[PDB]
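Order of appearance sets the numbers: ligands from 1, and atoms from 1 within every ligand. In this chain, residues are counted from 1 in sequence order. Only heavy atoms go into these numbers, but all of them, side chains included; no hydrogens, no water, no symmetry mates.
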Amino acid sequence: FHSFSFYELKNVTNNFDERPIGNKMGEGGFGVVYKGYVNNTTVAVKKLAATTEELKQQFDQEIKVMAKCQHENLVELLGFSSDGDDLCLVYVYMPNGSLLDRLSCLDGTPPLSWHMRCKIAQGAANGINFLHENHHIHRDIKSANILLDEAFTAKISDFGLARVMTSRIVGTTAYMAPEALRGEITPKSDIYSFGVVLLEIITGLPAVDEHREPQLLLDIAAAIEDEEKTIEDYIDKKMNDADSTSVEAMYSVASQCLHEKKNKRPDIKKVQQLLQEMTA
Ligand SMILES: CCOc1cc2nn(CC(=O)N3CCN(C)CC3)cc2cc1NC(=O)c1cccc(C(F)(F)F)n1
């Protein structure tokens, strides 16, 4: 971890080339992620962009929680830049991008095997466990914020909103718990959001598709629980190694996570155990 010059980060991203394939790898609400090469390693450079004050607060927060953090299932922050006109965060490069992009087979990548999906589910849950052990709430758990390294190891990203009620309601609505949408801040909200990620993994479908019926993946769960559908009907067809048994084990974990009453949901510790029993 050390301070980078804005102009060094500009240089290694070809002046922040927004063309893909180009240096642009992804983007979100809080900025664009660029491929760079600094020191003697390939790096991800997140140039932050929209409130200018809230943006700087999310920047300082990310640094405060991740500056010294090292974990198997969390991204590694290598440094930052605030000396230029734009705020930049620099991470270790995740060559296999986001769980979302790999579930979508973006840029012609092969579909993730059920085996790969199970290990990624366990990894992410191990990442969320470490945060809850250290009394951190993520507040933005989703397939886009689960990155995959050279070995498809799950790495949780985005700690800008990482932390009771609140005034400014923040997060990705497709993944947010009912109480999180009301402004409640609790680690039980992360468990819910993880439940939506498990539905994405089982189905290969994004949490929200405006051109889909139903539009929210949450409804598919609701439809299955009301005996109209079975999970069997929504299992990702782009797999050859998926067994109904272990699929239903993961769906059972997803269902418990997606309980509308926060207190009925399992803790992250119970989620890990149920996901281990799934494979063991
Ligand atoms: C945030 C998603 O951004 C990325 C997308 C990526 N895609 N590809 C692969 C890729 O482009 N292709 C080309 C064709 N081959 C076949 C394979 C797929 C690697 C990616 C790495 C990405 N990000 C990071 O490394 C990263 C790491 C830590 C923190 C962050 C943060 F966002 F928080 F800032 N980002």
Side-chain angles (χ1 to χ4, degrees), residues 1 4 6 9-10 12-14 16-39 41-50 55-56 58-82 86-113 116 120 123-124 127-128 130-131 136 138-162 170-172 175 197 200 206-207 238:
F1 194 84
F4 295 99
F6 173 70
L9 300 184
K10 176 186 271 280
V12 301
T13 58
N14 281 45
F16 300 109
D17 194 2
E18 305 210 64
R19 299 183 301 99
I21 310 302
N23 285 254
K24 183 170 162 189
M25 301 193 294
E27 55 176 1
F30 308 130
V32 178
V33 190
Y34 298 94
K35 196 174 175 176
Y37 193 79
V38 190
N39 296 323
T41 320
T42 304
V43 301
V45 188
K46 185 161 61 187
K47 179 155 68 65
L48 302 191
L55 190 85
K56 179 49 162 48
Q58 287 176 215
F59 170 81
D60 292 337
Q61 185 65 9
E62 178 88 15
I63 292 173
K64 188 54 74 91
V65 312
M66 295 311 285
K68 323 278 264 86
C69 201
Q70 274 185 317
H71 196 269
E72 183 71 4
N73 302 111
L74 300 186
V75 296
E76 197 176 328
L77 188 66
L78 291 167
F80 63 91
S81 176
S82 56
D86 287 308
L87 293 167
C88 296
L89 288 163
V90 189
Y91 308 86
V92 170
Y93 175 63
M94 298 290 99
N96 289 310
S98 76
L99 175 57
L100 184 78
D101 295 346
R102 295 290 77 73
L103 285 180
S104 300
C105 302
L106 187 58
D107 298 321
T109 56
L112 292 179
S113 74
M116 293 161 94
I120 288 159
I128 297 172
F130 188 62
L131 294 179
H136 278 78
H138 190 277
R139 293 218 288 158
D140 203 19
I141 298 296
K142 59 186 182 175
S143 43
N145 286 346
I146 299 176
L147 305 192
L148 298 164
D149 76 354
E150 61 186 2
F152 289 89
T153 294
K155 311 270 198 209
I156 309 294
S157 67
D158 289 38
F159 306 89
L161 305 175
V170 299
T172 311
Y175 298 86
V197 168
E200 292 184 306
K238 299 187 297 306

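Protein heavy atom in closest approach to atom 1 (C) of ligand 1: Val33 CG2, 3.9 Å. Ranking the protein heavy atoms by distance from atom 24 (C) of ligand 1 puts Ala44 CB, 3.4 Å first. Remark: minimum distance from atom 28 (C) of ligand 1 to any protein heavy atom is reached at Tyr91 CB, 3.2 Å. Looking only at protein heavy atoms, the nearest one to atom 16 (C) of ligand 1 is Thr109 CG2, 3.9 Å. Residue, atom and distance of the protein heavy atom nearest to atom 33 (F) of ligand 1 are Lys46 NZ, 3.2 Å. Among protein heavy atoms, atom 6 (C) of ligand 1 sits closest to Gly97 CA, 3.3 Å. Nearest protein neighbour of atom 12 (N) of ligand 1, counting heavy atoms only, is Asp107 OD2, 4.3 Å.
Considering each of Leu147, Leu89, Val45, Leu99, the one bringing a non-hydrogen atom nearest atom 2 (C) of ligand 1 is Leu147. Of the candidates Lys24, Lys155, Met25, it is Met25 that places a heavy atom closest to atom 22 (C) of ligand 1. The heavy atom nearest to atom 10 (C) of ligand 1, out of those in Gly36, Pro20, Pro95, is found in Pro95.
At a 3.5 angstrom cut-off on N or O pairs, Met94 counts as close to ligand 1.
Around NZ of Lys238, the count of heavy atoms belonging to other residues, nucleotides or ligands within 6.0 Å exceeds 12.
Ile120 places none of its side-chain heavy atoms less than 4.5 Å from the side chain of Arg102.
Checking atom 8 (N) of ligand 1 against the protein gives a heavy-atom contact under 4.0 Å. Within 4.0 Å of atom 14 (C) of ligand 1, not a single protein heavy atom is present.
The heavy-atom pair separating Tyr91 from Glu62 by the smallest distance is OH-OE2, 2.8 Å. Closest approach of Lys155 and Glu72 over heavy atoms only: NZ-O, 2.6 Å. The shortest non-hydrogen separation linking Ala144 to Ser98 is O-CB, 3.6 Å. Annotation for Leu100 and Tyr175: closest pair CD1-OH, 4.2 Å, computed over non-hydrogen atoms. Across all non-hydrogen atoms, the minimal contact from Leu74 to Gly127 is CD2-O, 3.8 Å.
For the atom pair CD1 of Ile63 and OG of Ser82, the computed distance is 7.0 Å after rounding to the nearest 0.5 Å.
A side-chain contact (heavy atoms from CB on, under 4.5 Å) with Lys47 is found for exactly one of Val33, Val32, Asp86, namely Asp86.
Contacts of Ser98 with ligand 1, taken as heavy-atom pairs under 4.0 Å, are absent altogether.
Taking the six-membered ring where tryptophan is involved, the planes of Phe1 and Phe80 are tilted, since the angle between them lies from 30° to 60°.
For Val92, the heavy-atom gap to ligand 1 drops under 4.0 angstrom.
The contact set between ligand 1 and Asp158, taken as ligand atoms under 4.0 Å from a residue heavy atom, comprises 33 (F).
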